[PDB]
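Undergrad: Partial complex follows, first chain(s) only, in situ:
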Amino acid sequence: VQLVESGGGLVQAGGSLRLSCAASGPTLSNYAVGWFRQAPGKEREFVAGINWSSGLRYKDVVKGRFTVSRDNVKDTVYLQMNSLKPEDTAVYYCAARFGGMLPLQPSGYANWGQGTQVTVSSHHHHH
């Protein structure tokens, strides 16, 4: 009913980060977990998710770069973010909805994490 997100931070373009979502009392196992993100001046948008029986859904611009997965022992959901780019900068939220469906809009999800800042800098080393 309350989700805690962890693992955000600052990273250079092409780098990687892993987000994790854990719940308190409810067993996350019965839940589709969707990851949403809100960039400055835009609305929350669906990024990626896993339903209660391993079905997956992805936003087109993160396919081949992001992977959602689930560790049902630790009752945790993960977002592995590789080949990160500046326009992936946002507050990331996990959201949980009972069952097998991953609706695209925030109104489909009842339980929300508080959000983790992800920043991707164009920084590269001096040549």
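TA: Yes, it's here. Numbers count the residues shown, from 1 in each chain, chains lettered A, B, ... in the order given.
Undergrad: Quick check: bridge partners of the residue positioned nearest the centre of chain A?
TA: Closest residue to the average C-alpha location of chain A: residue A:35 at 3.3 Å, with C-alpha atoms, centre = their mean. Assessed by DSSP bridges, residue A:35 has beta-bridge partners residue A:48, residue A:94.
Undergrad: what does stretch A:103-112 rub up against?
TA: A:1-3, A:23, A:26, A:31, A:34, A:36, A:44, A:46, A:93-98, A:101 (C-beta atoms under 8 Å, 6 or more residues apart in numbering). Quick note: C-beta positions are derived from backbone N, CA and C, even for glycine.
Undergrad: Quickly note the distance from the residue nearest to the centre of chain A to residue A:124.
TA: The gap separating residue A:35 from residue A:124 is 27 Å, by C-beta to C-beta, to the nearest Å.
Undergrad: what do you get for residue A:108?
TA: From residue A:108 over to residue A:124 (counting by C-beta to C-beta), the distance is 39 Å.
Undergrad: can you check residue A:100 too?
TA: With C-beta to C-beta as the criterion, residue A:100 and residue A:124 are 42 Å apart.
Undergrad: Please say which of these two ends up with more neighbours.
TA: Ranked by neighbour count (other C-beta atoms under 10 Å), residue A:100 and residue A:124 place residue A:100 first, with 13 against 9.
Undergrad: just checking, the more buried one touches residue A:54?
TA: No. With contact defined as C-beta atoms under 8 Å, residue A:100 does not count as touching residue A:54 (9.8 Å).
Undergrad: gap between residue A:83 and residue A:108?
TA: Noted for residue A:83: a distance of 28 Å to residue A:108, by C-beta to C-beta.
Undergrad: now residue A:46
TA: Distance of residue A:46 to residue A:108, computed by C-beta to C-beta: 9 Å.
Undergrad: neighbour-wise, which of the two wins?
TA: residue A:46 (21 against 14).
Undergrad: which ones are touching the more buried one?
TA: A:34, A:35, A:36, A:57, A:59, A:102, A:104, A:105.
Undergrad: Next, count neighbours for the fourth one.
TA: Counted with other C-beta under 10 Å, the neighbours of residue A:57 add up to 17.
Undergrad: Quick one: the strands in chain A, in order.
TA: A:3-6, A:9-12, A:17-23, A:31-38, A:45-50, A:56-58, A:66-71, A:76-81, A:90-98, A:111-112, A:116-121 (DSSP state E).
Undergrad: buried set for the longest one?
TA: Pointing back at strand A:90-98 there. Residues of strand A:90-98 classed as buried by neighbour count (16 or more other C-beta atoms under 10 Å): A:90, A:91, A:92, A:93, A:94, A:95, A:96, A:97.
Undergrad: thought the fourth one was touching residue A:47?
TA: No. The pair residue A:93 / residue A:47 is not scored as a contact, 9.2 Å apart, by C-beta under 8 Å.
Undergrad: what sits in contact with each of the two?
TA: A:35, A:36, A:37.
Undergrad: Against residue A:58, how distant is the first one?
TA: Here residue A:35 is placed at a distance of 10 Å from residue A:58 (C-beta to C-beta).
Undergrad: For these two, list the residues in contact with both.
TA: Residues touching both residue A:35 and residue A:58 by C-beta under 8 Å, 6+ apart: A:47, A:48, A:68.
Undergrad: give the contact list for residue A:30.
TA: A:52, A:98, A:99.
Undergrad: now do 6 Å
TA: For residue A:30, the contact set (C-beta atoms under 6 Å, 6 or more residues apart in numbering) comprises A:52, A:98.
Undergrad: for residue A:100, same thing?
TA: Counted by C-beta under 6 Å, 6+ apart, residue A:100 has contacts A:51, A:52, A:53.
Undergrad: Which ChimeraX command selects the buried ones in those?
TA: Applying 16+ other C-beta under 10 Å to the contacts of residue A:100, the buried members can be selected in ChimeraX as follows:
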select /A:51,52
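Undergrad: now the sequence for chain B, which goes on the structure above:
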Amino acid sequence: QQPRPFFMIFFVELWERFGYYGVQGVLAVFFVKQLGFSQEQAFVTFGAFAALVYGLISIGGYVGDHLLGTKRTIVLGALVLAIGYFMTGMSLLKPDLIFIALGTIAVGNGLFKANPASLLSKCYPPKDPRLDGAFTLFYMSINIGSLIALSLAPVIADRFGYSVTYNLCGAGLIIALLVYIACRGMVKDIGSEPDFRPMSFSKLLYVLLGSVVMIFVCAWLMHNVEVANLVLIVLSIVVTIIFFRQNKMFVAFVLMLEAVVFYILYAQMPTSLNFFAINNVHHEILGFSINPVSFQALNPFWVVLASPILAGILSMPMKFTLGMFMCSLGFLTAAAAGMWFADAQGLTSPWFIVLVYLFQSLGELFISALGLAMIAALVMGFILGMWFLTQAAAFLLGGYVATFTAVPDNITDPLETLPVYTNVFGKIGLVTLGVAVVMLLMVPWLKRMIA
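TA: The block that follows adds chain B to the chains above:
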């Protein structure tokens, strides 16, 4: 207002129904999530379970009337049921137990069901006016227990696991037994004839041997639904042959076929309408988030409120016709909600499902409450057996029908599942509308035959 044993019977019934529906509300989800069944396997297996639970109700009236006594069989039924609930809780340690545990519930229900109602009838002198009110309160008792279970059992299974949920079902039966044993003095001169002679251990052992056999037969049929299908098909065609060989009975036949359609529709509440709420309805109403599995609780809710009202307010065949029109409208409302009143993301307002369950519950109040009571006005034992057999067949057929809404575990988009639910619910509603119209057309001829 009522005799003292009425309140004992009320609360035994409430707690036994709590236990039963605590299991029923979560069983299809348990099949899918915990046992890894596909939705199709879960739906047909639930159909088999429901079929056996219903067909075996025929056993408990006979055992209570003629073998052990009503009060003795209440005790035995409660004990077998509680054992079944704890066996279901144990099945999480021992997955191989699950089917034996469900057979124990079916057989335990078979012994138990008919007997509290029978007992309640014996609490009143034969033409007491309060009988009708007491039986409406008894139906409300069934549905208060069911309301609590369908509301809370999914929440409990989500927060504490299935082992805890099923053990609490067992505890509810244990508490029905304690209340029965505590009130034994209230029913000391109430019972069937065997209650007042010493118990025949010959008959007790026959009942236990037959029960255990049935537990194993139920487990086998639920594991192999493809032979449960042929068992009931051949039993149905054969008992149809033997009904046709042997005209107030013909009215019983057409009313039986109408009830079969009714039970096909009732069987969707724990399966296809349950997963429709899971997949394509918002899980929030009046601002509170809810477990969508709890939406099943809307059926007893509407019954609890509507049975008194409708008790205050034609005759036999027209009430069946009315019930069938109500059920048709429930499924047409479901289809319409999905076809025209969904979000851009594929989700519909939970008020549409509130309305589906209102229509469906009124259908229940017109039909199943008032069916075999005046099927008993048109008629014996052979038609009671055929009645239970055909309605069990109805539940198997309902599981098969629910499989047309089954969703693969990899689908995650509500706009893919919404048209499946709406196509099936709309076709169910149109066929049921046709059936209700033919019922309407035949109402006068039947109502003549009842004379």
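Undergrad: The contacts of residue A:30 again please, this time with chain B.
TA: A:52, A:98, B:158 (C-beta atoms under 6 Å, 6 or more residues apart in numbering or on different chains).
Undergrad: same deal with residue A:75?
TA: Neighbours of residue A:75 in contact, by C-beta under 6 Å, 6+ apart: residue A:28.
Undergrad: And it, how close does it get to residue B:107?
TA: For residue A:75, the distance to residue B:107 - C-beta to C-beta - is 37 Å.
Undergrad: again with residue A:67
TA: Separation of residue A:67 from residue B:107 (C-beta to C-beta): 49 Å.
Undergrad: which one of these two has more residues nearby?
TA: residue B:107 (28 against 17; other C-beta atoms under 10 Å in any protein chain shown).
Undergrad: element containing the nearest residue to residue B:308 once chain neighbours are set aside?
TA: Sequence neighbours aside, residue B:136 is the residue nearest to residue B:308 in space, at 6.7 Å (criterion: C-beta to C-beta, 6 or more residues apart in numbering or on different chains). In this structure, residue B:136 is located in helix B:131-160 according to DSSP states H and E.
Undergrad: Which strands and helices lie in contact with that helix?
TA: Under the contact definition 3 or more C-beta pairs under 6 Å, 6 or more residues apart in numbering or on different chains; DSSP states H and E, helix B:131-160 sits against helix B:4-33, helix B:162-182, helix B:298-312.
Undergrad: let's see 7 Å
TA: Here helix B:131-160 touches helix B:4-33, helix B:114-121, helix B:162-182, helix B:298-312, going by 3 or more C-beta pairs under 7 Å, 6 or more residues apart in numbering or on different chains; DSSP states H and E.
Undergrad: Reformat the ones you listed as CSV; add distance to residue B:75.
TA: Below are the helices and strands packed on helix B:131-160 laid out as CSV (distance: least, C-beta to C-beta, whole Å):
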stretch, distance to residue B:75
helix B:4-33, 11
helix B:114-121, 10
helix B:162-182, 7
helix B:298-312, 26
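Undergrad: As TSV, those helices with mean neighbour count would be great.
TA: Shown next, in TSV, are the helices and strands packed on helix B:131-160 (neighbours: other C-beta atoms under 10 Å in any protein chain shown):
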stretch	mean neighbour count
helix B:4-33	24
helix B:114-121	22
helix B:162-182	20
helix B:298-312	18
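Undergrad: who wins for proximity to residue B:223 among the ones you listed?
TA: Set against residue B:223 and scored by C-beta to C-beta, the helices and strands packed on helix B:131-160 come closest in helix B:4-33, at 12.4 Å.
Undergrad: could you point out which element follows that closest one?
TA: Next element after helix B:4-33 (DSSP H and E): helix B:39-55.
Undergrad: Show me what counts as buried in the next helix or strand after that following helix.
TA: Downstream of helix B:39-55, the next assigned helix or strand under DSSP H and E is helix B:57-62. Within helix B:57-62, the residues that count as buried by 16 or more other C-beta atoms under 10 Å in any protein chain shown are B:57, B:58, B:59, B:60, B:61.
Undergrad: any chance of these in CSV, plus distance to chain A?
TA: Formatted as CSV, the buried residues of helix B:57-62 follow (distance: C-beta to the nearest C-beta, whole Å):
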residue, distance to chain A
B:57, 33
B:58, 37
B:59, 36
B:60, 35
B:61, 39
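Undergrad: Find the residue closest to residue B:236 in space, skipping its chain neighbours.
TA: Here the residue nearest residue B:236, using C-beta to C-beta, 6+ apart, is residue B:393, at 5.6 Å.
Undergrad: is it true that the one you found touches residue B:237?
TA: No. Using C-beta atoms under 7 Å, residue B:393 is not in contact with residue B:237, being 10.7 Å away.
Undergrad: Comparing those two, which shows the higher neighbour count?
TA: residue B:393 (23 against 9).
Undergrad: and the helix or strand where that one lies, how far out from the chain's middle?
TA: For residue B:393, the host element (DSSP H and E) is helix B:381-402. Helix B:381-402 sits 12 Å away from the centroid of its parent chain (C-alpha atoms, centre = their mean, to the nearest Å).
Undergrad: Which other helices and strands does it contact?
TA: Checking 3+ C-beta pairs under 7 Å, 6+ apart, helix B:381-402 ends up next to helix B:39-55, helix B:57-62, helix B:225-245, helix B:248-266.
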